[PDB]
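Notes follow once the structure below has been shown.
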There are 2 protein chains.
Amino acid sequence: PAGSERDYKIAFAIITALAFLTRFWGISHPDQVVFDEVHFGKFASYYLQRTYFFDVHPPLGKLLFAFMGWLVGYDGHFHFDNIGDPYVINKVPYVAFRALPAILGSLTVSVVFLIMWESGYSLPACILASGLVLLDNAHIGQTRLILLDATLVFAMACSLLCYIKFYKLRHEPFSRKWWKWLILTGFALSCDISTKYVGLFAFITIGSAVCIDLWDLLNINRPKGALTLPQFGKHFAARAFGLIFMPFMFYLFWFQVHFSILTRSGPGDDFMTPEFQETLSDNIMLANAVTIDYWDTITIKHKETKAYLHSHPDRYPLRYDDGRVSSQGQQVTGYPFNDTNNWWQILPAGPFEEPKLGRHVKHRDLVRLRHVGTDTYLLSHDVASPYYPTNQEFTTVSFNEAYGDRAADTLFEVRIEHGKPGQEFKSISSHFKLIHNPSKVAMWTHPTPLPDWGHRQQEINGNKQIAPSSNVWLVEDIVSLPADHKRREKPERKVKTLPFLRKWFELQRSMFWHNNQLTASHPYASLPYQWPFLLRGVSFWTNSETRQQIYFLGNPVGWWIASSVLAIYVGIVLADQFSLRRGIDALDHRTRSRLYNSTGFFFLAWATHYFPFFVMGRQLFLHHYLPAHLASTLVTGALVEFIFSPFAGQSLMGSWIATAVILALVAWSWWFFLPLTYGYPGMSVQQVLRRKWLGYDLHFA
Amino acid sequence: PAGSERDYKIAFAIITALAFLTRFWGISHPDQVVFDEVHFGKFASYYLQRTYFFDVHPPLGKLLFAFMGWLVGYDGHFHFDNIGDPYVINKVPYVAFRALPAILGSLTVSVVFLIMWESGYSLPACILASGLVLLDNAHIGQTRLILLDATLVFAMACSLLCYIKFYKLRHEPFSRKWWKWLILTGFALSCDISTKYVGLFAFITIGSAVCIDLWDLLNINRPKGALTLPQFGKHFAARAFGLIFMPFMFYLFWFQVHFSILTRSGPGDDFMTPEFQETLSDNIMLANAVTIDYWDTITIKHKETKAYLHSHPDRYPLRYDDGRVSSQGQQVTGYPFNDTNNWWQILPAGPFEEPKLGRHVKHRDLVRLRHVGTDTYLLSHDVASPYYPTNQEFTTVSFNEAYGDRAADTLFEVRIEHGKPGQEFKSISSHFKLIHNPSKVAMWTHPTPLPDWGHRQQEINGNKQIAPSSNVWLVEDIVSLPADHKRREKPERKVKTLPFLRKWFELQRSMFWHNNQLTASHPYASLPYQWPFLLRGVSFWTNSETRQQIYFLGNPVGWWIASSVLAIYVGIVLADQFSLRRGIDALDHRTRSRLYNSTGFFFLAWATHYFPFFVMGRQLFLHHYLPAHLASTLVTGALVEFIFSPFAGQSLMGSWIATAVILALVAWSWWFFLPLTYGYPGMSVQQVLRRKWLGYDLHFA
Ligand SMILES: CC/C(C)=C\CC/C(C)=C\CC/C(C)=C\CC/C(C)=C\CC/C(C)=C/CC[C@H](C)CCOP(=O)(O)O[C@@H]1O[C@H](CO)[C@@H](O)[C@H](O)[C@@H]1O
Ligand SMILES: CC/C(C)=C\CC/C(C)=C\CC/C(C)=C\CC/C(C)=C\CC/C(C)=C/CC[C@H](C)CCOP(=O)(O)O[C@@H]1O[C@H](CO)[C@@H](O)[C@H](O)[C@@H]1O
Ligand SMILES: CC/C(C)=C\CC/C(C)=C\CC/C(C)=C\CC/C(C)=C\CC/C(C)=C\CC/C(C)=C\CC/C(C)=C/CC[C@H](C)CCOP(=O)(O)O
Ligand SMILES: CC/C(C)=C\CC/C(C)=C\CC/C(C)=C\CC/C(C)=C\CC/C(C)=C\CC/C(C)=C\CC/C(C)=C/CC[C@H](C)CCOP(=O)(O)O
């Protein structure tokens, strides 16, 4: 081909278009909560409802997710709870959440091309680096989910580009462009460290690159004049202000935004000292949830179908259509509307006693439920239900039965979701499962209506599995408790204000301490020595019916080539230094400086983003190598311009063929592992075997 | 005072005499097995009876201990078993065992003085370094026990001295003295790495010091002539042969000695492949080994407490003191004596069948255990045990329960320690854990007796953690198998011979793999960042009747001063380099070179023996810093010669006063903590409080 600015622009546009294509293609396919979408989606939602929470990560990533959610208009109440629940059946915009990391990944590929272009390399080198980042399965798989690692990688690449822009302005110090790019480098580093704490490693890179520069600026005998000590002091002050103080100010600003958005009580208030509880303005749910007492009359509403637990005088038919025999007891149903047949009085287990006031119902208490309209008592037993031969019938019985020979079958455990010992059962806020005490079945319902004999109402029966979310109920109203009762009018709510620095210091210390002790084990934790050559990969999500896995791993051909070129660059530097020690140059001035100033800089970044992971001994995963691998993709491109080099660039055909072959091979490797990256096409068992290269636990073999 | 060779010799003799005094004074006081004397004494004894065993450490240290034991003439059979048993009532020479590390510590102090003397420093600097090593409580406390860290420290100091001797001969290359000191440096490094694997760090130090030298030898433009490439090749070959190949040969020789001494079966044969069991003869000491068959009656003995698994008709009480409710089942206990209630019949899982002969029990088989004296079957279930709310109760049940509705809870897996698939379960030699099949709890016991209701016997319960060594049992006797039975006949007994390299490779791989997985938790594990300033110390041995503790920690004043001088040296080097960048020398040629060639070398050693502990993420203790701290004591001395410097050494009075004051203060600090180092004088409670400087867990307050 050829080389010109128009060709550079065409290649950049094509690379950006293909990046946006690959990152966004099939972004909504997993359509389910995946490996770590749980926590970050929870925190983004908590940002949206302004309820306070606690996390060990710096807030900026979750702020970005919450901004994306707020842009659409979603507020909702779908705080994520478990891996493997459908987003689409919950009216939540997960695609909007996932579009931000995809945008950042596409911009990461564009920024890689920009870094190679600005450094002065030829077109094939920029194309090779941008293509290695483009055709990488790990980068694609990380920018697909609700995960804040894509923001980290994008911020590191932006810091590299900003520092390359700034360093080229070293011949015009303290100008407007000079200060602008200094502050921009500081801001990129600030975003990098405000996403995840490992972003500190970028501060090492730009740190080292500054230090060497300062050393060059401190030489009393240097070709480009000499600086008096006050001038070097001005240079050092500028570097410290733009690279240390501004990043800290932006970090503090992000915590200021975090504190200002969160002004309501929520999960995570207890990690703070009581003064902070005094400033979170405990509100909104507080009003809606009142502790339920024995002898209260309540309504019980199914979370998913919105049906109310209901009864009426009609009885189950003697025979069902399949010939089974019922107890012919009073029907218990789910009813969508409000009427008196929804009213149940919650009563103690054990013998009859006259009513008492103020006895709170608590988590895991055994209770009876008396249907007010018929004066009967809820009961389950091992008689098969109307529609489910495996599930227990629910019915009601007389007082004499409930406190006599059938008493045990009238006892139900109130199991509060996420309940703790002694926790009070509250209207609205205590989602719960109602567990039949003899059998441990959970009271359950579903949408398909009963026949006409059951008034086309929902069936109520006993589910043998307790785990399903369809077993969850809530108490909507304490019907018997008047609107003016003291039990509803004792808020005692006052909210004070603390200085920002005090709150920030308390939160920072608590976050550091919890990150120092609150570690949850994961079966796919990796070690730094396994990353550069992809010895093992992590699995995020899988379902067995469609045979679809989303096993996360890099592109083996691309990673192996990048690491091998890292080794080749090490060898080239060693050989050049050894030949120089003998007094042989063997390198042109232009080709030496670049190999030590630009390419070396890239090799610095990789090192500064890889080696510090050996010092840290907590759990680390393969995605932690995503930043460093990025720098690995840069040196590769440089080394293709280097070894195949004859502005002198006549007959780049050698580098053109080199990059064409390497990128075609990496493209074949990316096509091979593409299903494992996306999980859309169900793959056969023998096809799973072909991907078992270096011992990858695909668990579909 | 003054300075002369006679004064140097007098100071050296006095320092050596005081070293031998301090290391040997009260060496036999603890007169009991202490923190890690167990393992190393076990291995030294096994060396003495020539019975094969397995360890993760290189053999040389235990060879030295066994040589010391053999010199006295002790062979005996007192293989150590538990921490806290008296040596004197067992006819064992523990003082002879402990004299070797004491000799090595005294020689370490002498070698420190020799290193400072040979490098060219003045008398006060050598005295200061040797006194800081002399008056150090950690070095004294490490050279007191049966522990192979003193050998490591002595070998590192010897390698430093040997390399300093060798480097001074650089002006007469390839001479007899040159080669002699090269080989001696290699041999010292070989001993260092053949004691403990962390001795590899010394190879880093002498490695780096060589590399710099080679760089200086590679310069084509250097003041002392120029070397052609063949001459530099000869130099590099000499370094590689004396520093890489000879150390490996000595390491291999120590394994050859280890293999030649061990030609009898012993504990640790099962870690090898059956060829190796074939190359070890079938020996007499603890000869017993007979495969256990279903329907045999056996006794089951706890390895650590020696209690027998036991039962009797008495039942658990309905309520424990804390209000918990038991199953009221038959008690299962640990009993120290021999009686028929220790007898259990081992039976198949699955349905009842009439007895069959010759069905061997194998690794990971599921079994039942029938208590012969009560005709009941061992059972565990998720009911909390007498003393441990977290651990499962062990009880027994009827035949009808064990082969009926409770059958699953009667099944236990026999998991042989280091077992392989299909391995036969044998009396005596198969140490095992008994894993409850439903819950995966391990059958466990501990020393604190049950109350009177349990006859003051040991509790048996289900430990949720399987890894602990306290889960290990063994079968002591096949009670049902008569003494004259064919199964007790001993077969073939033929011993083959393997090439040394094959045995070494198998043993090395197995040792590396077990060190990679076989880690036992310790409550006093420390982190590298706590070492240089003594933030926490380890306790070795203590008895409550005499109020004597042997809490192991360094000398706080000496360690703090040494680390502070390390920091001061860093600052001095930084300031000198910064002034040189401005073009200001500020240092004489002689005072510069020393500060970069001798003192810097010492600072190298410290670094190369401290920083590599951050890369390693296994358990580390304070004694691991003993080598590096040694180098810290050297730079200190150098920095006292440096800053107080006016052969020019007129009026050393400044350095004399400096070293006198520092050593007097360190001597006061060593006197303060001396009881905690020795444990001879019982100290009062208020005296224990005075030693609580930086949060030291003395547990006598
Ligand atoms: C185990 C050890 C191994 C294997 C490797 C160790 C790591 C290595 C080798 C190095 C570490 C990193 C190093 C050395 C530096 C990193 C930080 C530094 C110095 C810079 C940051 C990166 C960074 C933005 C570098 C900027 C480079 C830009 C593209 C230069 C622009 O063109 P420009 O006119 O200046 O070129 C030349 O400008 C000359 C002017 O004088 C002129 O004369 C020439 O004609 C020619 O015009
Ligand atoms: C964060 C970084 C910081 C803070 C610190 C970094 C670490 C530093 C500063 C350095 C790292 C270690 C370094 C540089 C070297 C270690 C290994 C080396 C080079 C040697 C091993 C140690 C080692 C046996 C050194 C031997 C030194 C012996 C005592 C020299 C004997 O006297 P000798 O005649 O040679 O002195 C002079 O000999 C000259 C001959 O030319 C002559 O001219 C002078 O008149 C004068 O007679
Ligand atoms: C004098 C200067 C000289 C010689 C030369 C000029 C050098 C120069 C101009 C620039 C660079 C300077 C250098 C080398 C460092 C400066 C950065 C620094 C130390 C502070 C600035 C960064 C900030 C704005 C905020 C830092 C947040 C704070 C408060 C603490 C974080 C704790 C971290 C980060 C703990 C990392 C482990 C982590 C727990 C793993 C979990 O990991 P994860 O959360 O991902 O799961
Ligand atoms: C080309 C050369 C150049 C450039 C310049 C010349 C350099 C020169 C002349 C000399 C030095 C060379 C250098 C830098 C290294 C050489 C050492 C080396 C790698 C091998 C030689 C050492 C040996 C004789 C035997 C080594 C035992 C073996 C086989 C493996 C051990 C594994 C280790 C040690 C695992 C360390 C962790 C440990 C598990 C923690 C537990 O700890 P612990 O057991 O205490 O509880």
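By order in the structure tokens, chains are A, B, ...; within a chain, residues start at 1; ligands start at 1, following the order shown.
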Item checked: Protein and nucleic acid residues within 7 Å of ligand 3 (only C-alpha atoms and all ligand atoms) as a VMD selection string -> chain A and resid 57 190 193 196 to 200 203 to 204 206 to 208 210 to 211 239 to 240 243 to 245 247 to 248 251 512 515
Next item on the list: Could you give me, as a PyMOL selection string, every polymer residue with an atom at most 6 Å away from an atom of ligand 1, counting only C-alpha atoms and all ligand atoms?
Entry: chain A and resi 119-120+164+167-168+209+212-213+570+573+590+596-598+600-601+604
Go ahead and dump the residues you just picked, N, CA and C atoms, as a PDB file, in the first residue's frame.
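File written: result36.pdb
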```pdb
ATOM      1  N   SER A 119       2.835   8.922  18.737  1.00  0.00           N
ATOM      2  CA  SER A 119       4.227   8.621  19.026  1.00  0.00           C
ATOM      3  C   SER A 119       5.108   8.711  17.789  1.00  0.00           C
ATOM      4  N   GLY A 120       4.533   8.630  16.595  1.00  0.00           N
ATOM      5  CA  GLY A 120       5.297   8.758  15.377  1.00  0.00           C
ATOM      6  C   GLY A 120       5.525   7.479  14.610  1.00  0.00           C
ATOM      7  N   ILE A 164       1.930  11.333  26.575  1.00  0.00           N
ATOM      8  CA  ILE A 164       2.671  11.438  25.321  1.00  0.00           C
ATOM      9  C   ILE A 164       2.434  12.797  24.675  1.00  0.00           C
ATOM     10  N   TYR A 167       4.483  15.366  26.825  1.00  0.00           N
ATOM     11  CA  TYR A 167       5.933  15.289  26.721  1.00  0.00           C
ATOM     12  C   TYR A 167       6.437  15.888  25.420  1.00  0.00           C
ATOM     13  N   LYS A 168       5.655  15.787  24.345  1.00  0.00           N
ATOM     14  CA  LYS A 168       6.053  16.398  23.084  1.00  0.00           C
ATOM     15  C   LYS A 168       6.076  17.915  23.167  1.00  0.00           C
ATOM     16  N   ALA A 209       8.054   7.835  34.329  1.00  0.00           N
ATOM     17  CA  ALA A 209       8.313   8.667  33.161  1.00  0.00           C
ATOM     18  C   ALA A 209       8.604  10.105  33.549  1.00  0.00           C
ATOM     19  N   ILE A 212      12.430  10.147  35.359  1.00  0.00           N
ATOM     20  CA  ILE A 212      13.499  10.164  34.365  1.00  0.00           C
ATOM     21  C   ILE A 212      13.612  11.546  33.740  1.00  0.00           C
ATOM     22  N   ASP A 213      12.479  12.110  33.325  1.00  0.00           N
ATOM     23  CA  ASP A 213      12.489  13.452  32.758  1.00  0.00           C
ATOM     24  C   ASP A 213      13.120  14.442  33.723  1.00  0.00           C
ATOM     25  N   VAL A 570      13.005  -7.266  25.324  1.00  0.00           N
ATOM     26  CA  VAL A 570      13.988  -7.368  26.400  1.00  0.00           C
ATOM     27  C   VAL A 570      15.331  -7.818  25.842  1.00  0.00           C
ATOM     28  N   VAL A 573      17.041  -4.987  23.789  1.00  0.00           N
ATOM     29  CA  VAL A 573      17.657  -3.976  24.647  1.00  0.00           C
ATOM     30  C   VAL A 573      18.937  -4.510  25.275  1.00  0.00           C
ATOM     31  N   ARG A 590      18.112   7.984  15.531  1.00  0.00           N
ATOM     32  CA  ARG A 590      16.658   8.024  15.525  1.00  0.00           C
ATOM     33  C   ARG A 590      16.084   6.695  15.988  1.00  0.00           C
ATOM     34  N   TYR A 596      14.252   3.472  22.969  1.00  0.00           N
ATOM     35  CA  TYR A 596      14.389   3.695  24.398  1.00  0.00           C
ATOM     36  C   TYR A 596      13.404   4.713  24.939  1.00  0.00           C
ATOM     37  N   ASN A 597      12.837   5.565  24.093  1.00  0.00           N
ATOM     38  CA  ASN A 597      11.977   6.633  24.584  1.00  0.00           C
ATOM     39  C   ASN A 597      10.502   6.337  24.380  1.00  0.00           C
ATOM     40  N   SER A 598      10.124   5.869  23.198  1.00  0.00           N
ATOM     41  CA  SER A 598       8.727   5.547  22.962  1.00  0.00           C
ATOM     42  C   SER A 598       8.447   4.093  23.320  1.00  0.00           C
ATOM     43  N   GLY A 600      10.307   1.857  24.809  1.00  0.00           N
ATOM     44  CA  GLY A 600      10.644   1.636  26.200  1.00  0.00           C
ATOM     45  C   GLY A 600       9.569   2.132  27.136  1.00  0.00           C
ATOM     46  N   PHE A 601       9.029   3.323  26.865  1.00  0.00           N
ATOM     47  CA  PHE A 601       7.927   3.837  27.669  1.00  0.00           C
ATOM     48  C   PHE A 601       6.793   2.829  27.739  1.00  0.00           C
ATOM     49  N   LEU A 604       7.672   0.144  29.872  1.00  0.00           N
ATOM     50  CA  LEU A 604       7.539   0.569  31.254  1.00  0.00           C
ATOM     51  C   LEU A 604       6.129   0.296  31.746  1.00  0.00           C
TER      52      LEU A 604
END
```
Note to self: Select, as a count of residues only, those residues of chain B with any atom no more than 9 Å from chain A (distances computed using only C-alpha atoms).
What the structure shows: 15
Checklist line | DSSP strand (DSSP E or B) selection over range 207-300 of chain A, as a ChimeraX atom specification | finding: /A:264,291,293,297-300
Checklist line | Residue contacts of residue 257 in chain A (10 Å, only C-alpha atoms) excluding same-chain residues fewer than 3 positions away, as a VMD selection string | finding: chain A and resid 59 to 60 63 252 to 254 260 to 262
The selected residues should be written to file as a PDB file, in the first residue's frame (atoms: C-alpha atoms).
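Dumped to out_11.pdb:
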```pdb
ATOM      1  CA  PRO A  59     -17.215   5.461  43.670  1.00  0.00           C
ATOM      2  CA  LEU A  60     -16.557   6.801  40.163  1.00  0.00           C
ATOM      3  CA  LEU A  63     -21.396   6.909  39.527  1.00  0.00           C
ATOM      4  CA  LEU A 252     -12.075  14.087  46.772  1.00  0.00           C
ATOM      5  CA  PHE A 253     -14.638  15.654  44.448  1.00  0.00           C
ATOM      6  CA  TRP A 254     -15.951  12.230  43.478  1.00  0.00           C
ATOM      7  CA  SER A 260     -24.238  14.465  48.268  1.00  0.00           C
ATOM      8  CA  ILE A 261     -26.218  11.917  46.239  1.00  0.00           C
ATOM      9  CA  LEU A 262     -26.627   9.546  49.206  1.00  0.00           C
TER      10      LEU A 262
END
```
Item checked: Filtered DSSP result for range 169-241 of chain B, state helix (DSSP H, G or I), as an NGL selection string -> :B and (176-195 or 197-218 or 229-241)
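Interatomic distance, CA of residue 417 in chain B to CA of residue 305 in chain B: 17.7 Å.
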Checklist line | Atomic distance CA of residue 19 in chain B - atom 42 (O, counted along the ligand's line) of ligand 4, expressed in Å with one decimal | finding: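 Between these atoms lies a distance of 27.9 Å.
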Check: What is the distance, in Å and to one decimal place, between CA of residue 298 in chain B and CA of residue 410 in chain B?
Finding: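 According to the coordinates, CA of residue 298 in chain B and CA of residue 410 in chain B are separated by 17.2 Å.
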Next item on the list: Find the residues around range 115-118 of chain A up to 7 Å (only C-alpha atoms counted), leave out those fewer than 4 positions away in its own chain, and share them as a list in words.
Entry: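 Here the qualifying residues turn out to be residues 111, 126 and 161 of chain A.
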Item checked: Residue contacts of range 683-691 of chain B (8 Å, only C-alpha atoms) excluding same-chain residues fewer than 5 positions away, as an MDAnalysis selection string -> chainID B and resid 547:548 673 675 696 698 700:701
